[PDB]
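**Q** Right, I'll just put the structure down here and ask away after.
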Amino acid sequence: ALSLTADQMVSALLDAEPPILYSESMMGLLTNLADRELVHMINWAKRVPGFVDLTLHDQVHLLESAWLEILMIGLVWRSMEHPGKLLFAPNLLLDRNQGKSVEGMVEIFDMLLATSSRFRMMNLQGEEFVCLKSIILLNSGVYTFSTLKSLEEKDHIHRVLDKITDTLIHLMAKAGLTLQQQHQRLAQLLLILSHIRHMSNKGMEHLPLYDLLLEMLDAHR
Amino acid sequence: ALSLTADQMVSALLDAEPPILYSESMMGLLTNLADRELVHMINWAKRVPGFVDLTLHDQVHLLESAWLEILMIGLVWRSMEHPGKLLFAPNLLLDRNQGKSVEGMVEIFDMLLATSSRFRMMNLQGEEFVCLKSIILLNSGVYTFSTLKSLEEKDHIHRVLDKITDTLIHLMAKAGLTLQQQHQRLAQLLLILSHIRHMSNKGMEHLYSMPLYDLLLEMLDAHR
Ligand SMILES: Oc1ccc2c(c1)CCN(c1ccccc1)[C@@H]2c1ccc(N2CCN3CCCC[C@H]3C2)cc1
Ligand SMILES: Oc1ccc2c(c1)CCN(c1ccccc1)[C@@H]2c1ccc(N2CCN3CCCC[C@H]3C2)cc1
């Protein structure tokens, strides 16, 4: 995981991508969809290089912090060449007007559209996207875990995150961006993660979970 | 503003730094302190390179999204040398015992400590801190503004952000960090901003249940 080339990390991440799921009241549909996405997110996480070095208990706490942001970054990714619209599933596409029954998601809806438009303008690549999704998984919960060794289990998370930063920069050098453009784009991308956090907390207010993730993360062949 | 050097950007920000204010019910003392800090943050915000270039309403929008993250990162910065404690004021230092008696503080107290101790482990420099703050100001509100004119204002904000990113990097080079170390530290800092947005969202949920656009509108006009 520390030992991977920047290229094997990208390849490991591309090839771990979850499938795009189909749709099956509006909030019923979205809830059914998300709940099925969750199962696949657990499988993706276990293949994020470095995640499975962690203790089971730290894997749960990280996924518990991060799961909504992960569904959102997904959604925004597949909505990208779909201006004005959210592609929840290839058979459930909603325009701005169609959050006109689900009160509340109206703030969120516009926030996701804006995130999607931003990825569009930046010309966000899939290799970059899987790097950013991996950072959310490692980061969202890292500041919310302190015996001494405890802090050593945190340090490894930060080693892996540095390793994903090296990877994003490597992909940027490869495409021939200057050292200055490299730094600027990396920052633009990391700053968008502030906004995805904001969206998840507003989403959480509008929406135990530990057991559910713990049972799912623990699977018998 | 886009003409600035890294060093001149730094000098502008350092010069614009608000003073550290004193405390005069614990929630009562904190409200009164943050309310007086808010006047100084307008003064500071007006001297962030690129901020006065924006329309009045864009300026209000940004301060509306950011002000509480700006109070928290200031808090966390002056708290760096006080493990277990939050230095709200030089005469108002709270530890965990006081911290559980303050409503709204109960979720965020440990998040604030963690941020402080993280800045403490990383040895954040004052030149780095003033850059992260300006970034918060220009970034927090930038994806919750769709006209052609709005597209041009967001373009500006994003160009000003690229020049603060440049300044952060220049500073790390100067301090002798390798290129790798430079990117790595850039990301670690920008990732902590994500946690500062989390704590603001949490803190905000409490403060809103205890009109801001119009108060900051009148404060930016009063600065005239
Ligand atoms: O890919 C998706 C799928 C669904 C959603 C999003 C992306 C992004 C936006 N989101 C949302 C969040 C809050 C309010 C309105 C919409 C829905 C979504 C809907 C429901 C859920 N939940 C419902 C309950 N269930 C509880 C068990 C754990 C998972 C959780 C998922 C998650 C996301
Ligand atoms: O530098 C400071 C000063 C005070 C505070 C912080 C940093 C960081 C955390 N914070 C807080 C947050 C939630 C619950 C309890 C305390 C207090 C703080 C207290 C009050 C306010 N408010 C009170 C009401 N007032 C309403 C008018 C607009 C400004 C707003 C400021 C802001 C921060």
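By order of appearance in the structure tokens: chains A, B, ..., then residues from 1 within every chain, and ligands from 1 in the order shown.
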Find the residues near range 120-130 of chain A: any atom within 7 Å, counting only C-alpha atoms, skip ones fewer than 6 places away on the same chain, and give them as number ranges by chain.

**A** A: 10, 13-14, 80-81, 168

**Q** Counting only C-alpha atoms and all ligand atoms, what residues are within 7 Å of ligand 1, given as a ChimeraX atom specification?

**A** /A:27,30-31,33-35,37-38,68,71-72,74-75,88,105,203-204,206-207,209

**Q** What parts of range 33-210 of chain A does DSSP call helix (DSSP H, G or I)? I'd like the answer as a compact mmCIF listing (two decimals) with N, CA and C atoms, in the first residue's frame.

**A**
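See result09.txt below for the written result:
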```
# COMPACT_ATOMS: atom_id res chain seq x y z
N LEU A 33 -32.25 3.04 -3.17
CA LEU A 33 -31.02 3.12 -3.98
C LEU A 33 -29.70 3.22 -3.16
N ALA A 34 -29.64 4.22 -2.29
CA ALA A 34 -28.55 4.42 -1.34
C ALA A 34 -28.25 3.19 -0.48
N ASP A 35 -29.31 2.50 -0.04
CA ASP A 35 -29.13 1.36 0.88
C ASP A 35 -28.44 0.23 0.12
N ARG A 36 -28.78 0.07 -1.17
CA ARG A 36 -28.11 -0.90 -2.03
C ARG A 36 -26.67 -0.44 -2.46
N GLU A 37 -26.50 0.85 -2.69
CA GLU A 37 -25.15 1.39 -2.90
C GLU A 37 -24.21 1.15 -1.72
N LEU A 38 -24.77 1.17 -0.51
CA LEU A 38 -23.99 1.02 0.69
C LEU A 38 -23.25 -0.29 0.71
N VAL A 39 -23.97 -1.35 0.36
CA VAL A 39 -23.40 -2.68 0.35
C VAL A 39 -22.15 -2.72 -0.55
N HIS A 40 -22.24 -2.09 -1.72
CA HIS A 40 -21.13 -2.04 -2.67
C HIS A 40 -20.00 -1.16 -2.24
N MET A 41 -20.34 -0.13 -1.46
CA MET A 41 -19.34 0.77 -0.88
C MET A 41 -18.49 0.01 0.12
N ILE A 42 -19.09 -0.88 0.89
CA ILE A 42 -18.30 -1.68 1.82
C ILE A 42 -17.23 -2.47 1.05
N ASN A 43 -17.61 -3.11 -0.06
CA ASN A 43 -16.65 -3.85 -0.93
C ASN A 43 -15.56 -3.02 -1.57
N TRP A 44 -15.89 -1.77 -1.88
CA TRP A 44 -14.94 -0.87 -2.48
C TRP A 44 -13.90 -0.44 -1.46
N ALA A 45 -14.39 -0.20 -0.25
CA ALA A 45 -13.55 0.31 0.82
C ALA A 45 -12.46 -0.70 1.14
N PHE A 51 -6.72 0.76 3.61
CA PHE A 51 -7.90 0.66 4.45
C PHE A 51 -7.90 -0.62 5.25
N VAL A 52 -7.55 -1.74 4.62
CA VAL A 52 -7.62 -3.04 5.30
C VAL A 52 -6.42 -3.33 6.24
N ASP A 53 -5.38 -2.50 6.24
CA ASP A 53 -4.37 -2.52 7.32
C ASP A 53 -4.94 -2.03 8.66
N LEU A 56 -10.62 -3.31 12.37
CA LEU A 56 -12.02 -3.37 11.97
C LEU A 56 -12.77 -2.21 12.57
N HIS A 57 -12.51 -1.97 13.86
CA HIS A 57 -13.18 -0.92 14.57
C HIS A 57 -12.88 0.48 13.97
N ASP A 58 -11.66 0.73 13.47
CA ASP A 58 -11.35 2.02 12.84
C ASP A 58 -11.93 2.09 11.41
N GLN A 59 -12.14 0.95 10.77
CA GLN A 59 -12.74 0.91 9.45
C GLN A 59 -14.20 1.33 9.55
N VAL A 60 -14.89 0.87 10.59
CA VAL A 60 -16.28 1.27 10.84
C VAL A 60 -16.43 2.72 11.11
N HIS A 61 -15.60 3.26 11.99
CA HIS A 61 -15.73 4.66 12.38
C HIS A 61 -15.45 5.54 11.13
N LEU A 62 -14.51 5.14 10.28
CA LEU A 62 -14.21 5.92 9.06
C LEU A 62 -15.35 5.89 8.03
N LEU A 63 -15.95 4.73 7.82
CA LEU A 63 -17.07 4.60 6.93
C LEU A 63 -18.32 5.27 7.48
N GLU A 64 -18.50 5.19 8.81
CA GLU A 64 -19.62 5.91 9.48
C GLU A 64 -19.47 7.40 9.27
N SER A 65 -18.27 7.94 9.35
CA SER A 65 -18.16 9.39 9.09
C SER A 65 -18.35 9.75 7.63
N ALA A 66 -18.00 8.84 6.76
CA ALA A 66 -17.71 9.20 5.34
C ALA A 66 -18.76 8.80 4.31
N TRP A 67 -19.69 7.91 4.72
CA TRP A 67 -20.53 7.22 3.73
C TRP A 67 -21.40 8.17 2.91
N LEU A 68 -22.04 9.16 3.55
CA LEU A 68 -22.85 10.11 2.82
C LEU A 68 -22.03 10.97 1.81
N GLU A 69 -20.87 11.46 2.21
CA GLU A 69 -19.97 12.17 1.29
C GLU A 69 -19.56 11.34 0.07
N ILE A 70 -19.40 10.05 0.29
CA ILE A 70 -19.06 9.10 -0.76
C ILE A 70 -20.19 8.87 -1.75
N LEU A 71 -21.40 8.72 -1.26
CA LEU A 71 -22.53 8.66 -2.15
C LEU A 71 -22.66 9.95 -2.94
N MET A 72 -22.39 11.08 -2.30
CA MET A 72 -22.56 12.38 -2.94
C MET A 72 -21.52 12.57 -4.02
N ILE A 73 -20.27 12.18 -3.76
CA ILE A 73 -19.22 12.48 -4.73
C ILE A 73 -19.46 11.59 -5.95
N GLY A 74 -19.83 10.32 -5.72
CA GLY A 74 -20.38 9.48 -6.76
C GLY A 74 -21.40 10.13 -7.69
N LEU A 75 -22.49 10.58 -7.06
CA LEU A 75 -23.61 11.20 -7.71
C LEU A 75 -23.21 12.39 -8.55
N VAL A 76 -22.29 13.19 -8.05
CA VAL A 76 -21.85 14.42 -8.69
C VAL A 76 -20.97 14.06 -9.89
N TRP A 77 -20.19 12.99 -9.74
CA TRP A 77 -19.34 12.46 -10.80
C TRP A 77 -20.18 12.02 -12.00
N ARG A 78 -21.11 11.12 -11.79
CA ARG A 78 -21.96 10.65 -12.88
C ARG A 78 -22.95 11.68 -13.43
N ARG A 96 -33.59 20.53 -11.51
CA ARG A 96 -33.75 21.39 -10.34
C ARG A 96 -35.20 21.39 -9.85
N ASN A 97 -36.12 21.61 -10.79
CA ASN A 97 -37.56 21.66 -10.52
C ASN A 97 -38.13 20.44 -9.80
N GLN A 98 -37.48 19.29 -9.91
CA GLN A 98 -38.08 18.03 -9.46
C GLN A 98 -37.84 17.68 -7.99
N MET A 105 -34.21 18.89 0.73
CA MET A 105 -33.17 18.56 -0.26
C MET A 105 -32.98 19.72 -1.26
N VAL A 106 -33.92 20.66 -1.31
CA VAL A 106 -33.79 21.84 -2.19
C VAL A 106 -32.48 22.68 -2.02
N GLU A 107 -32.06 22.92 -0.77
CA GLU A 107 -30.70 23.46 -0.50
C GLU A 107 -29.64 22.55 -1.12
N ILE A 108 -29.71 21.28 -0.74
CA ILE A 108 -28.72 20.27 -1.10
C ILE A 108 -28.61 20.05 -2.61
N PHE A 109 -29.77 20.00 -3.26
CA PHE A 109 -29.87 19.76 -4.67
C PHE A 109 -29.04 20.76 -5.43
N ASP A 110 -29.24 22.04 -5.14
CA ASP A 110 -28.49 23.11 -5.80
C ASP A 110 -26.99 23.02 -5.47
N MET A 111 -26.67 22.58 -4.26
CA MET A 111 -25.26 22.42 -3.82
C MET A 111 -24.54 21.33 -4.58
N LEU A 112 -25.24 20.23 -4.83
CA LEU A 112 -24.69 19.12 -5.60
C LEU A 112 -24.51 19.50 -7.08
N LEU A 113 -25.50 20.21 -7.65
CA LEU A 113 -25.44 20.72 -9.03
C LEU A 113 -24.22 21.60 -9.19
N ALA A 114 -23.99 22.47 -8.22
CA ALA A 114 -22.85 23.36 -8.23
C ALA A 114 -21.52 22.61 -8.17
N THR A 115 -21.46 21.54 -7.35
CA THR A 115 -20.30 20.69 -7.24
C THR A 115 -20.05 20.00 -8.57
N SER A 116 -21.11 19.51 -9.18
CA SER A 116 -21.03 18.83 -10.45
C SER A 116 -20.53 19.78 -11.54
N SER A 117 -21.19 20.93 -11.68
CA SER A 117 -20.70 21.98 -12.59
C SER A 117 -19.21 22.29 -12.38
N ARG A 118 -18.75 22.39 -11.13
CA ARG A 118 -17.33 22.66 -10.86
C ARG A 118 -16.41 21.55 -11.39
N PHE A 119 -16.78 20.28 -11.20
CA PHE A 119 -15.98 19.20 -11.74
C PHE A 119 -15.97 19.28 -13.28
N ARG A 120 -17.09 19.69 -13.86
CA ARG A 120 -17.20 19.87 -15.31
C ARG A 120 -16.19 20.89 -15.84
N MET A 121 -16.16 22.06 -15.22
CA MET A 121 -15.27 23.16 -15.62
C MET A 121 -13.79 22.78 -15.49
N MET A 122 -13.46 22.03 -14.43
CA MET A 122 -12.10 21.66 -14.14
C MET A 122 -11.67 20.54 -15.03
N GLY A 126 -11.31 10.61 -14.27
CA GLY A 126 -11.69 9.45 -13.45
C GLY A 126 -10.62 8.97 -12.49
N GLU A 127 -9.37 9.07 -12.93
CA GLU A 127 -8.18 8.73 -12.13
C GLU A 127 -8.01 9.69 -10.93
N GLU A 128 -8.33 10.95 -11.17
CA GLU A 128 -8.33 11.96 -10.13
C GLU A 128 -9.49 11.74 -9.14
N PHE A 129 -10.69 11.51 -9.70
CA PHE A 129 -11.90 11.23 -8.95
C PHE A 129 -11.75 10.07 -7.99
N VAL A 130 -11.08 8.99 -8.39
CA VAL A 130 -11.03 7.83 -7.49
C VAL A 130 -10.03 8.08 -6.38
N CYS A 131 -9.03 8.92 -6.68
CA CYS A 131 -8.10 9.44 -5.70
C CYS A 131 -8.91 10.27 -4.67
N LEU A 132 -9.76 11.20 -5.12
CA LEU A 132 -10.49 12.05 -4.17
C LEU A 132 -11.47 11.28 -3.29
N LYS A 133 -12.04 10.21 -3.83
CA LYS A 133 -13.05 9.42 -3.08
C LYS A 133 -12.34 8.66 -2.00
N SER A 134 -11.09 8.27 -2.30
CA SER A 134 -10.29 7.55 -1.37
C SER A 134 -9.84 8.44 -0.22
N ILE A 135 -9.64 9.70 -0.50
CA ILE A 135 -9.22 10.69 0.50
C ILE A 135 -10.35 10.96 1.49
N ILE A 136 -11.56 11.05 0.98
CA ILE A 136 -12.74 11.19 1.83
C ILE A 136 -12.86 10.05 2.82
N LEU A 137 -12.80 8.79 2.33
CA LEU A 137 -12.78 7.62 3.19
C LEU A 137 -11.73 7.70 4.29
N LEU A 138 -10.48 8.14 3.96
CA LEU A 138 -9.39 8.19 4.93
C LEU A 138 -9.44 9.42 5.86
N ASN A 139 -10.06 10.48 5.38
CA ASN A 139 -10.01 11.76 6.05
C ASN A 139 -11.20 12.17 6.88
N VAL A 142 -10.88 11.09 10.42
CA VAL A 142 -9.57 10.95 11.05
C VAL A 142 -9.38 11.86 12.28
N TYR A 143 -10.03 13.00 12.27
CA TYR A 143 -9.96 13.95 13.38
C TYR A 143 -11.02 13.73 14.47
N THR A 144 -11.76 12.62 14.38
CA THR A 144 -12.88 12.36 15.32
C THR A 144 -12.78 11.01 16.03
N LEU A 148 -1.62 6.34 23.54
CA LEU A 148 -0.49 6.60 22.66
C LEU A 148 -0.59 5.76 21.38
N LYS A 149 -0.69 4.43 21.47
CA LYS A 149 -0.75 3.62 20.23
C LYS A 149 -1.91 4.05 19.36
N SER A 150 -3.01 4.48 19.98
CA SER A 150 -4.15 4.98 19.24
C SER A 150 -3.69 6.00 18.20
N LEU A 151 -2.92 6.98 18.66
CA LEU A 151 -2.34 8.03 17.83
C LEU A 151 -1.41 7.48 16.74
N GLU A 152 -0.74 6.36 17.01
CA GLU A 152 0.02 5.63 15.97
C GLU A 152 -0.87 5.00 14.87
N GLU A 153 -2.07 4.55 15.22
CA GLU A 153 -3.00 4.07 14.18
C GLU A 153 -3.52 5.18 13.28
N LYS A 154 -3.57 6.40 13.83
CA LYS A 154 -3.88 7.62 13.08
C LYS A 154 -2.76 8.00 12.13
N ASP A 155 -1.52 7.92 12.62
CA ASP A 155 -0.34 8.23 11.80
C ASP A 155 -0.28 7.43 10.51
N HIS A 156 -0.60 6.15 10.55
CA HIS A 156 -0.63 5.37 9.34
C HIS A 156 -1.69 5.90 8.33
N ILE A 157 -2.90 6.24 8.80
CA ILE A 157 -3.90 6.89 7.93
C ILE A 157 -3.29 8.10 7.21
N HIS A 158 -2.59 8.96 7.95
CA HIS A 158 -1.90 10.11 7.36
C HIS A 158 -0.76 9.74 6.39
N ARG A 159 -0.14 8.57 6.58
CA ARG A 159 0.90 8.09 5.65
C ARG A 159 0.24 7.71 4.32
N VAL A 160 -0.90 7.05 4.42
CA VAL A 160 -1.64 6.63 3.22
C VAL A 160 -2.15 7.83 2.44
N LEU A 161 -2.58 8.88 3.16
CA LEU A 161 -3.16 10.09 2.55
C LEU A 161 -2.10 10.90 1.80
N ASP A 162 -0.94 11.00 2.41
CA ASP A 162 0.22 11.53 1.75
C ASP A 162 0.49 10.73 0.50
N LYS A 163 0.34 9.41 0.58
CA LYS A 163 0.57 8.56 -0.59
C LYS A 163 -0.43 8.82 -1.71
N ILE A 164 -1.69 9.12 -1.35
CA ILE A 164 -2.67 9.54 -2.36
C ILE A 164 -2.38 10.96 -2.92
N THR A 165 -1.87 11.87 -2.10
CA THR A 165 -1.46 13.16 -2.63
C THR A 165 -0.34 12.99 -3.66
N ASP A 166 0.64 12.15 -3.36
CA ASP A 166 1.77 11.89 -4.29
C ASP A 166 1.19 11.38 -5.61
N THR A 167 0.19 10.50 -5.52
CA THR A 167 -0.48 9.96 -6.69
C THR A 167 -1.21 10.98 -7.55
N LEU A 168 -1.94 11.92 -6.93
CA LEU A 168 -2.67 12.96 -7.66
C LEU A 168 -1.67 13.87 -8.37
N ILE A 169 -0.56 14.17 -7.71
CA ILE A 169 0.44 15.05 -8.31
C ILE A 169 1.11 14.32 -9.48
N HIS A 170 1.40 13.03 -9.29
CA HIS A 170 2.00 12.19 -10.33
C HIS A 170 1.14 12.18 -11.59
N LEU A 171 -0.16 11.94 -11.44
CA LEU A 171 -1.10 12.04 -12.57
C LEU A 171 -1.16 13.43 -13.22
N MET A 172 -0.85 14.46 -12.45
CA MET A 172 -0.90 15.83 -12.97
C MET A 172 0.41 16.11 -13.73
N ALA A 173 1.54 15.67 -13.19
CA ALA A 173 2.81 15.80 -13.93
C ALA A 173 2.70 15.02 -15.26
N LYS A 174 2.26 13.77 -15.20
CA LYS A 174 2.03 12.92 -16.38
C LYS A 174 1.25 13.60 -17.51
N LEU A 179 4.68 22.57 -12.58
CA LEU A 179 4.72 22.39 -11.13
C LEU A 179 3.76 23.36 -10.44
N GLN A 180 3.56 24.54 -11.03
CA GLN A 180 2.66 25.55 -10.46
C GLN A 180 1.20 25.13 -10.63
N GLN A 181 0.83 24.72 -11.83
CA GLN A 181 -0.52 24.21 -12.12
C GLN A 181 -0.86 22.99 -11.28
N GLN A 182 0.14 22.13 -11.05
CA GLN A 182 -0.01 20.93 -10.22
C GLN A 182 -0.53 21.29 -8.82
N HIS A 183 0.12 22.28 -8.20
CA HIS A 183 -0.16 22.70 -6.83
C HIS A 183 -1.50 23.32 -6.82
N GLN A 184 -1.79 24.13 -7.83
CA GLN A 184 -3.06 24.86 -7.87
C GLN A 184 -4.29 23.93 -8.01
N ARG A 185 -4.18 22.92 -8.86
CA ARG A 185 -5.24 21.98 -9.12
C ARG A 185 -5.46 21.07 -7.91
N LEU A 186 -4.38 20.58 -7.32
CA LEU A 186 -4.46 19.77 -6.12
C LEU A 186 -5.23 20.53 -5.04
N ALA A 187 -4.93 21.82 -4.87
CA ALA A 187 -5.64 22.64 -3.88
C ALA A 187 -7.09 22.86 -4.29
N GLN A 188 -7.35 23.09 -5.58
CA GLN A 188 -8.73 23.31 -6.02
C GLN A 188 -9.59 22.06 -5.68
N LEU A 189 -9.01 20.89 -5.90
CA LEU A 189 -9.68 19.63 -5.72
C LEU A 189 -9.91 19.37 -4.24
N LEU A 190 -8.90 19.63 -3.41
CA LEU A 190 -9.03 19.38 -1.97
C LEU A 190 -10.01 20.34 -1.30
N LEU A 191 -10.16 21.54 -1.86
CA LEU A 191 -11.04 22.54 -1.31
C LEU A 191 -12.53 22.18 -1.59
N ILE A 192 -12.80 21.55 -2.73
CA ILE A 192 -14.11 21.02 -3.08
C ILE A 192 -14.59 19.99 -2.02
N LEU A 193 -13.64 19.25 -1.41
CA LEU A 193 -13.96 18.33 -0.32
C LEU A 193 -14.50 19.01 0.93
N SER A 194 -14.13 20.26 1.19
CA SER A 194 -14.80 21.06 2.21
C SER A 194 -16.28 21.23 1.95
N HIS A 195 -16.62 21.54 0.71
CA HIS A 195 -17.98 21.67 0.29
C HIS A 195 -18.75 20.32 0.33
N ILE A 196 -18.10 19.21 -0.02
CA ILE A 196 -18.79 17.95 0.04
C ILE A 196 -19.12 17.57 1.53
N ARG A 197 -18.22 17.92 2.44
CA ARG A 197 -18.49 17.76 3.88
C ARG A 197 -19.72 18.56 4.33
N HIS A 198 -19.74 19.84 4.00
CA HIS A 198 -20.89 20.71 4.21
C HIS A 198 -22.18 20.05 3.71
N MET A 199 -22.17 19.54 2.48
CA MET A 199 -23.34 18.87 1.89
C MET A 199 -23.80 17.62 2.69
N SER A 200 -22.84 16.83 3.12
CA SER A 200 -23.12 15.66 3.92
C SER A 200 -23.72 16.05 5.26
N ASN A 201 -23.25 17.12 5.92
CA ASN A 201 -23.82 17.47 7.25
C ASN A 201 -25.23 18.03 7.13
N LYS A 202 -25.47 18.83 6.10
CA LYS A 202 -26.83 19.26 5.78
C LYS A 202 -27.74 18.08 5.36
N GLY A 203 -27.16 17.10 4.66
CA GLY A 203 -27.84 15.88 4.31
C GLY A 203 -28.13 15.06 5.56
N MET A 204 -27.18 14.96 6.47
CA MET A 204 -27.38 14.19 7.70
C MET A 204 -28.50 14.81 8.55
N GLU A 205 -28.61 16.13 8.60
CA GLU A 205 -29.64 16.79 9.42
C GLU A 205 -31.01 16.41 8.87
N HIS A 206 -31.11 16.34 7.54
CA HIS A 206 -32.37 15.99 6.89
C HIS A 206 -32.67 14.51 6.93
N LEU A 209 -26.21 2.76 13.35
CA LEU A 209 -25.46 2.65 12.10
C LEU A 209 -24.12 1.92 12.26
N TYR A 210 -23.54 1.99 13.46
CA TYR A 210 -22.31 1.27 13.79
C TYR A 210 -22.47 -0.24 13.60
```

**Q** Could you tell me which of B:75, B:62, B:142, B:6 comes closest to chain A if we count only C-alpha atoms?

**A**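 Nearest to chain A: B:142.
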
**Q** Report as an mmCIF file with N, CA, C and O atoms, in the first residue's frame which protein, DNA and RNA residues come within 7 Å of ligand 2, using only C-alpha atoms and all ligand atoms.

**A**
```cif
data_model
loop_
_atom_site.group_PDB
_atom_site.id
_atom_site.type_symbol
_atom_site.label_atom_id
_atom_site.label_comp_id
_atom_site.auth_asym_id
_atom_site.auth_seq_id
_atom_site.Cartn_x
_atom_site.Cartn_y
_atom_site.Cartn_z
ATOM 1 N N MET B 27 -21.648 30.960 28.339
ATOM 2 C CA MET B 27 -22.191 31.226 27.007
ATOM 3 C C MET B 27 -22.304 32.722 26.803
ATOM 4 O O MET B 27 -21.963 33.234 25.742
ATOM 5 N N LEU B 30 -18.958 34.238 25.935
ATOM 6 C CA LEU B 30 -18.488 33.778 24.628
ATOM 7 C C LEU B 30 -19.167 34.485 23.462
ATOM 8 O O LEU B 30 -18.520 34.841 22.464
ATOM 9 N N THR B 31 -20.479 34.668 23.603
ATOM 10 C CA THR B 31 -21.299 35.465 22.690
ATOM 11 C C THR B 31 -20.753 36.880 22.579
ATOM 12 O O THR B 31 -20.613 37.430 21.473
ATOM 13 N N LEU B 33 -17.831 38.016 23.414
ATOM 14 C CA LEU B 33 -16.474 38.004 22.808
ATOM 15 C C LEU B 33 -16.529 37.850 21.271
ATOM 16 O O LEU B 33 -15.895 38.606 20.533
ATOM 17 N N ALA B 34 -17.277 36.875 20.796
ATOM 18 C CA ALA B 34 -17.344 36.592 19.369
ATOM 19 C C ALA B 34 -18.024 37.752 18.600
ATOM 20 O O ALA B 34 -17.618 38.117 17.455
ATOM 21 N N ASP B 35 -19.055 38.348 19.237
ATOM 22 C CA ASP B 35 -19.722 39.521 18.672
ATOM 23 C C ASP B 35 -18.746 40.698 18.500
ATOM 24 O O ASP B 35 -18.809 41.419 17.498
ATOM 25 N N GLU B 37 -15.358 40.340 18.256
ATOM 26 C CA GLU B 37 -14.431 39.823 17.220
ATOM 27 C C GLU B 37 -14.947 40.028 15.786
ATOM 28 O O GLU B 37 -14.182 40.255 14.849
ATOM 29 N N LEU B 38 -16.263 39.951 15.626
ATOM 30 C CA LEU B 38 -16.889 40.040 14.325
ATOM 31 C C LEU B 38 -16.652 41.404 13.673
ATOM 32 O O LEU B 38 -16.500 41.481 12.500
ATOM 33 N N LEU B 68 -17.873 31.834 11.005
ATOM 34 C CA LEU B 68 -17.734 31.009 12.201
ATOM 35 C C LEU B 68 -16.512 30.092 12.062
ATOM 36 O O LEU B 68 -15.886 29.811 13.044
ATOM 37 N N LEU B 71 -13.652 32.274 13.134
ATOM 38 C CA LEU B 71 -13.502 32.397 14.577
ATOM 39 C C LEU B 71 -12.907 31.119 15.167
ATOM 40 O O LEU B 71 -12.175 31.172 16.158
ATOM 41 N N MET B 72 -13.211 29.967 14.574
ATOM 42 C CA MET B 72 -12.751 28.718 15.100
ATOM 43 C C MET B 72 -11.277 28.546 14.760
ATOM 44 O O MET B 72 -10.494 28.138 15.593
ATOM 45 N N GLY B 74 -8.922 30.882 14.225
ATOM 46 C CA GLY B 74 -8.304 31.796 15.182
ATOM 47 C C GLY B 74 -8.249 31.226 16.592
ATOM 48 O O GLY B 74 -7.241 31.269 17.287
ATOM 49 N N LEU B 75 -9.335 30.609 17.014
ATOM 50 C CA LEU B 75 -9.376 30.065 18.366
ATOM 51 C C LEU B 75 -8.346 28.964 18.498
ATOM 52 O O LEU B 75 -7.552 28.908 19.405
ATOM 53 N N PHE B 88 -10.077 30.981 24.491
ATOM 54 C CA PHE B 88 -11.063 31.868 23.873
ATOM 55 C C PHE B 88 -10.535 33.261 23.995
ATOM 56 O O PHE B 88 -10.525 33.994 23.023
ATOM 57 N N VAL B 102 -21.123 23.949 28.684
ATOM 58 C CA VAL B 102 -21.552 24.890 27.646
ATOM 59 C C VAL B 102 -22.294 24.150 26.529
ATOM 60 O O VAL B 102 -21.725 23.306 25.841
ATOM 61 N N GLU B 103 -23.575 24.471 26.370
ATOM 62 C CA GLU B 103 -24.386 23.907 25.297
ATOM 63 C C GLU B 103 -23.840 24.310 23.919
ATOM 64 O O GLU B 103 -23.405 25.460 23.708
ATOM 65 N N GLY B 104 -23.856 23.354 22.991
ATOM 66 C CA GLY B 104 -23.310 23.553 21.662
ATOM 67 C C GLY B 104 -21.821 23.280 21.604
ATOM 68 O O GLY B 104 -21.310 22.833 20.589
ATOM 69 N N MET B 105 -21.131 23.545 22.709
ATOM 70 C CA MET B 105 -19.712 23.257 22.842
ATOM 71 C C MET B 105 -19.422 21.770 22.971
ATOM 72 O O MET B 105 -18.338 21.344 22.644
ATOM 73 N N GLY B 203 -21.456 23.649 15.123
ATOM 74 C CA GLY B 203 -21.619 24.812 15.970
ATOM 75 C C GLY B 203 -22.769 25.706 15.548
ATOM 76 O O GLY B 203 -23.490 26.255 16.373
ATOM 77 N N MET B 204 -22.917 25.852 14.236
ATOM 78 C CA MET B 204 -23.957 26.646 13.648
ATOM 79 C C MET B 204 -25.355 26.097 13.989
ATOM 80 O O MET B 204 -26.265 26.848 14.333
ATOM 81 N N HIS B 206 -26.242 24.803 16.576
ATOM 82 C CA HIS B 206 -26.608 25.249 17.912
ATOM 83 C C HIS B 206 -26.878 26.762 17.951
ATOM 84 O O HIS B 206 -27.859 27.203 18.543
ATOM 85 N N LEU B 207 -26.014 27.562 17.339
ATOM 86 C CA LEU B 207 -26.189 29.008 17.422
ATOM 87 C C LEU B 207 -27.478 29.496 16.742
ATOM 88 O O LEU B 207 -28.016 30.513 17.114
ATOM 89 N N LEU B 212 -28.556 37.457 9.908
ATOM 90 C CA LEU B 212 -27.126 37.617 9.672
ATOM 91 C C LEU B 212 -26.719 38.253 8.328
ATOM 92 O O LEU B 212 -25.827 39.094 8.308
#
```

**Q** Would you please work out which residue, of B:47, B:158, B:100, B:118, is nearest to residue 83 in chain B when using only C-alpha atoms?

**A**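 Ranking B:47, B:158, B:100, B:118 by distance to residue 83 in chain B, first place goes to B:118.
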
**Q** Using the chain letters and numbers from this document, which residues of range 1-210 of chain A does DSSP assign to strand (DSSP E or B), as a ChimeraX atom specification?

**A** /A:85-89,92-95

**Q** What does the distance between CA of residue 101 in chain B and CA of residue 87 in chain B come to in Å, to one decimal place?

**A**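 Atom-to-atom, CA of residue 101 in chain B and CA of residue 87 in chain B are spaced 16.4 Å apart.
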